[PDB]
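What follows is a short report on a single structure.
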């Protein structure tokens, strides 16, 4: 559980994909996933 301020991922992510809480690591476009 880690506090990624917005960008949890984005497919091709230069770092660890795992946020803290909310509900999900949610898709906007396939290449942009956000901490929602």
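Numbering of chain A is taken from Swiss-Prot, so the residues present carry the numbers 478-513, in order.
If you check the header, you will see the structure was determined by solution NMR.
Every residue, even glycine, has its Cβ placed from backbone N, Cα and C.
Swiss-Prot annotations:
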DISULFID  485-502  disulfide bond
DISULFID  496-512  disulfide bond
CARBOHYD  478  O-linked glycosylation site
CARBOHYD  480  O-linked glycosylation site
CARBOHYD  491  O-linked glycosylation site
Cα-nearest neighbour of residue 491 (O-linked glycosylation site) within the listed recorded positions, 478, 480, 485, 502, 512: 485
Rounded Cα-Cα span from residue 502 (disulfide bond) to residue 478 (O-linked glycosylation site), Å: 12
Rounded to the nearest Å - Cα separation of residue 496 (disulfide bond) and residue 502 (disulfide bond): 7
Other C-beta atoms that fall within 10 angstroms of the C-beta of residue 478 (O-linked glycosylation site): 6
Cα distance (Å, whole number) from residue 502 (disulfide bond) to residue 512 (disulfide bond): 5
Integer Cα-Cα distance in angstrom, residue 480 (O-linked glycosylation site) to residue 502 (disulfide bond): 12
Those residues of the chain, 6+ apart, with a Cβ under 8 Å from that of residue 502 (disulfide bond): 485, 486, 494, 495, 496, 510, 511, 512, 513
Residue, out of the glycosylation sites 480, 491, whose Cβ gathers the largest set of other Cβ atoms within 10 Å: 480
